[PDB]
2 protein chains.
Amino acid sequence: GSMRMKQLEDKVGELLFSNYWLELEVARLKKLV
Amino acid sequence: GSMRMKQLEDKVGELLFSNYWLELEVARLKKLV
């Protein structure tokens, strides 16, 4: 129905992915400092 | 307006801000190790 909505849905998924990996990186760094 | 579109936009905005916050935190921590 809505290609606009698909694009935003996709971006939510991409950002959830990126944020997961950034959180993991922060946690690894907290174990290192 | 569209509740679905605005909810998507809102979630993208929140995730983008968190992403940026996390990148700043990674950079802060990387300076130390």
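Reconstructed Cβ throughout: ideal geometry from the backbone, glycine too, with neighbour counts over all protein chains shown. Nothing in this text is a laboratory measurement; each read-out follows from the coordinates by a stated rule.
Here is how the numbers come out for the structure above:
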| item | result |
| --- | --- |
| Viscosity 1.567 mPa s, temperature 4 °C, Stokes-Einstein D of the protein assembly as shown from Kirkwood C-alpha radius, µm²/s | 99 µm²/s |
| Spatial separation of Cα centroids for chain A and chain B, in angstrom | 8 Å |
| Using a 7 Å Cα-to-Cβ projection, A:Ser2 label spacings across copies, nm, ascending | 0.4 |
| Amide N proximity, region B:14-33 versus A:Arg28 label position 7 Å along Cα-to-Cβ, cut-off under 20 Å | B:19-33 |
| For region B:3-16, Karplus couplings with θ = phi - 60° (6.51, -1.76, 1.60), whole Hz, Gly/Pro x | 4, 5, 5, 5, 4, 4, 4, 4, 5, 4, x, 5, 5, 5 |
| HN-Hα J in Hz across region B:19-33 - Karplus 6.51, -1.76, 1.60, θ = phi - 60°, x for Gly and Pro | 4, 5, 4, 5, 4, 4, 5, 4, 5, 4, 6, 5, 4, 9, 10 |
| Those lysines that a straight Cα-Cα span of less than 30 Å connects to B:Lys6, excepting residues fewer than 8 apart in one chain | A:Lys6, A:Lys11 |
| Sum of -39500 (n - 2.57) over DSSP H runs of 4+, divided by residues of the protein assembly as shown (222 nm, nearest 500) | -31500 deg cm²/dmol |
